[PDB]
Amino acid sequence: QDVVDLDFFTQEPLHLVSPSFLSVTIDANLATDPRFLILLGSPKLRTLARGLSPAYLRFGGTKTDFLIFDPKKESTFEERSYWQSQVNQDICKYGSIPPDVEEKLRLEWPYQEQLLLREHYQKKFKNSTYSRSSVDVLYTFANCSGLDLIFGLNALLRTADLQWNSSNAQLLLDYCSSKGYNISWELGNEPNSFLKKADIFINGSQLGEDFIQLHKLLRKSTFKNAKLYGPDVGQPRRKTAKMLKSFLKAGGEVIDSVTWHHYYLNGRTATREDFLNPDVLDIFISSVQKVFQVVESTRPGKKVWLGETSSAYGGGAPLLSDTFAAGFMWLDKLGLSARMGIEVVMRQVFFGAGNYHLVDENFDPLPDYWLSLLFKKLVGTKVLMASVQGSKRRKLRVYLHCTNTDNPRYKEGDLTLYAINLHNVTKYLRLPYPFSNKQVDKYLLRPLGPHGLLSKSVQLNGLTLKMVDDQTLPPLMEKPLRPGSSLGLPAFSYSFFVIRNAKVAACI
């Protein structure tokens, strides 16, 4: 019997996630050679980014702590040409990359990608500078795409006695003020591994003071209510958890949210079977509980954000992280994050080096992009709860929110269920009363074509998802179900279901 009964708990929200719950990163290493930031001038890229608004865009990564703002820095042919062609035109409406520059950067990018990826497993780590032009490219991409920029500041600029030296950051904040930029900030990326990365140990207590120091500069600036997030610690292993704890004791008062990072797997060792294994899905929970214990002990009630997360570290799992099979991890992460109290989840990455990107080297969306877009259109901010009657809840995983009321097909009271089937057979879900005789819109995602779960294309209710063109996302077409039908979920698939006229009081 492949018929599973659902229970729903709709009396009140367990949590309220941010409208920007599904957020994204651009790795700081895209600036290592800043020419490649010009790639963000693509209209195709903007079209795609806009589909994910509202969202935070976090500019940050390992390179965060090896980047230096230099207002005097000299521009390349590519940058001068990009900027010269934007003059006298509405950059958000009409901005594009000169074709010669676009072609040059697309030719160089695979090499650049290899270089950036190898800098991971390289022992050495070098400084680079970036110009005002680089900052401008990033701001305009975020602003034009309806995204909120979070900019990670370099925490390895140090005084003689290992306090954070804030003079470079001050030059940047001055520059951003003078331009009217609405930007939020971080300081440092994964400080827990600064010893490994730079021969310098900063403890959490010291990092707290560096944050307080940065806070004082943001209170002085022309944007007095600029938000500040931190500390962007890695996976909460014991040592990292202790660093977080001491950080929150010292400087937890001045952060608007606590940021930490999570990866399921090592990209070099991950298997296809790891991507489908509910034990691998379940370990994320352990991490979440350890983070909330640390936060509850030190700053109870403080918002908790996943500041950088993906399927696998090291740039992703070759041939796995860019496939339909990557969706189980992504959707389950969002599901669990929402249900356990995480307010924002920042996907590593929207675009850039690695194959855990949502959008590839050709600016084509991968299956996780479409998964993200569907999530964004259907799933509301109020998190409710669903469960499966039985003890095989490991392989049939179910989440329930109020329906996104910005969606014009639906209304207040409506419910959005999403579910993951990791069994190797079809399962059929029975909705509970009073949702057992409603019109229900199915949104089932399945891999296209011979590679199956390892495919990089996906269908929505039997229809291939593709950009209509560079300016235009397609409609996402529902499949109406017969009222009172069970909800069919094929083997190794995931789906959304919108329960229309559900009239849930909590969703109003």
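When you see a residue number, it is the position in the sequence shown, counting from 1.
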Quick note on 81-89 and 311-319: per-entry mean CA temperature factor is higher in 81-89
Averaging C-alpha B-factors over each stretch, which comes out higher, 367-375 or 284-292? 284-292
Sort 347, 242, 333, 339 by C-alpha B-factor from the entry and give me just the highest. 242
From 226, 233, 417, 304, the top C-alpha temperature factor is at 226
Among the modelled residues of its chain, the C-alpha B-factor of residue 32 falls in the third labelled highest
Third assignment of residue 324 from its chain's C-alpha B-factors: lowest
Lowest, middle or highest third: which one holds residue 65 when the chain's residues are ordered by CA B-factor from the entry? middle
Lowest, middle or highest third: where is residue 174 by Cα B-factor in its chain? highest
Third of the chain, ranked by Cα B-factor, where residue 149 sits: lowest
